[PDB]
Number of protein chains: 2
Amino acid sequence: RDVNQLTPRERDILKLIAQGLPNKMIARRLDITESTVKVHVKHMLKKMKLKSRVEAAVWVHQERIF
Amino acid sequence: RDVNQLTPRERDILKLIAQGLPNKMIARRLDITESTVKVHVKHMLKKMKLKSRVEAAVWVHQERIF
DNA sequence: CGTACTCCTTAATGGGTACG
DNA sequence: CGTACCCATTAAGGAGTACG
């Protein structure tokens, strides 16, 4: 499990998720649609082997990823 | 926003949420139904004035509550 | 790559009642 | 309180196709 394997946009999403934001907010913050946010979240989760955005959030925090 | 206003059961659930567990898992871990878990979750979310379990997860890690 | 859809399914949430 | 259900909704996830 390494954050470097993700793309820049995917890390953009991960950062906002670890800050507890729902997809709709992430989209507005990034000026992209929720649909696109969902694609990134999905890719990030499969590539990081996390089961959900919460695991993703807890990971970032415990492993001091950002 | 203080963790002491919550009940013991509620803190049990928040601790498990902060570890990234979904309601179904929390229920199996505590040996209660998902229904009861959800009740504890929404109560906790209203008392702590948090919008979602992710916020609760991030809050717990930032404020090093556990 | 990142954008933005389709479709479908499951998780999560917010309100209510009830009762040892 | 803690348990457990009812109702209803939105949020989230997992797959696919498409295109500059």
Side-chain angles (χ1 to χ4, degrees):
Chain A
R1 179 167 294 139
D2 170 49
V3 193
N4 298 153
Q5 297 189 307
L6 298 177
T7 70
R9 203 50 150 180
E10 296 182 324
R11 281 191 291 285
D12 281 347
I13 305 298
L14 213 220
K15 289 168 180 178
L16 298 180
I17 272 173
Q19 274 173 56
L21 300 185
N23 293 339
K24 196 176 317 306
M25 285 303 139
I26 297 177
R28 293 160 170 181
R29 198 74 94 63
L30 265 36
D31 209 49
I32 54 178
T33 68
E34 191 181 333
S35 297
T36 305
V37 178
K38 283 173 185 168
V39 181
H40 294 310
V41 166
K42 165 178 64 186
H43 288 164
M44 178 277 298
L45 287 179
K46 173 185 184 193
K47 286 159 67 168
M48 292 295 85
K49 293 177 181 289
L50 274 10
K51 302 181 174 171
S52 74
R53 67 198 296 115
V54 189
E55 299 206 328
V58 175
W59 169 54
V60 168
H61 281 74
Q62 300 193 311
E63 243 51 44
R64 301 251 308 174
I65 300 304
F66 295 121
Chain B
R1 173 139 47 198
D2 168 58
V3 73
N4 289 60
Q5 299 184 182
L6 303 176
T7 59
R9 238 336 177 207
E10 275 156 29
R11 277 191 284 281
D12 285 334
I13 276 82
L14 175 66
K15 292 173 184 175
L16 262 31
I17 283 168
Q19 268 154 55
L21 278 53
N23 299 339
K24 182 174 68 174
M25 283 305 154
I26 299 176
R28 289 161 168 171
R29 193 73 89 63
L30 297 188
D31 193 45
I32 61 178
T33 77
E34 185 167 325
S35 305
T36 301
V37 178
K38 285 165 174 174
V39 175
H40 292 304
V41 166
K42 77 171 182 281
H43 284 164
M44 178 276 165
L45 244 37
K46 169 169 168 50
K47 294 182 181 183
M48 297 300 203
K49 299 189 182 180
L50 295 163
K51 304 189 184 68
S52 79
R53 65 194 305 113
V54 178
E55 288 195 353
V58 179
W59 168 57
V60 168
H61 287 266
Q62 286 179 169
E63 259 46 51
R64 290 172 171 55
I65 302 162
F66 296 127

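In what follows, chains are A, B, ... by sequence order, proteins preceding strands, each numbered from 1.
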Nearest-Å distance, [atom1] ([X]) to [atom2] ([N])?
X	N	atom1	atom2	value
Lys42(B)	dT3(D)	NZ	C1'	12 Å
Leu50(A)	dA11(C)	CG	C1'	17 Å
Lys38(B)	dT9(D)	NZ	P	16 Å
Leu30(B)	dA4(D)	CG	P	11 Å
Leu21(B)	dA12(C)	CG	P	10 Å
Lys51(A)	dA12(C)	NZ	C1'	18 Å
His43(B)	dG2(D)	NE2	P	10 Å
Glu55(B)	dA11(D)	CD	P	13 Å

Check: Of all the nucleotides listed (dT13(C), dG2(D), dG13(D)), which has the minimum atom distance to the side chain of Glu10(B)?
Finding: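 My answer, after comparing the listed nucleotides, is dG2(D).
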ask   = Between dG2(C), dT3(D), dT13(C), which one does the side chain of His40(B) approach most closely?
value =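 Comparing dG2(C), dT3(D), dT13(C) against the side chain of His40(B), the answer is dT3(D).
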ask   = Mind checking whether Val58(A) and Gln19(B) have side chains closer than 4.5 Å, heavy atoms only?
value =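 SC-SC contact between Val58(A) and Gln19(B) ruled out.
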Over 12 non-hydrogen atoms of neighbours within 6.0 angstrom of CZ in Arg29(A)
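Atom CZ in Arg29(A) is not crowded, with 12 or fewer foreign heavy atoms closer than 6.0 Å.
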Does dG2(C) have OP1 or OP2 under 4.0 Å away from a side-chain N or O of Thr7(A)?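 Looking at the OP1 and OP2 atoms of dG2(C), one of them is under 4.0 Å from a side-chain N or O of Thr7(A).
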**Item:** Any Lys24(A) side-chain N or O less than 4.0 Å from OP1/OP2 of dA11(D)
**Value:**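 True: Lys24(A) side-chain N/O within range (under 4.0 Å) of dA11(D) OP1/OP2.
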Query raised in the report: Which residue, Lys46(A), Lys47(A), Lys15(A), forms the salt bridge (charged side-chain N to carboxylate O under 4.0 Å, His left out) with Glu10(A)?
Result: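 The salt bridge (charged side-chain N to carboxylate O under 4.0 Å, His left out) with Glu10(A) is passed solely by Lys47(A) among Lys46(A), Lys47(A), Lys15(A).
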Report task. State, to 0.1 Å, how close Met44(A) and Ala56(A) come at their nearest heavy-atom pair, and which atoms those are. Result ->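 Here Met44(A) and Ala56(A) meet closest at CE-CB, 4.0 Å.
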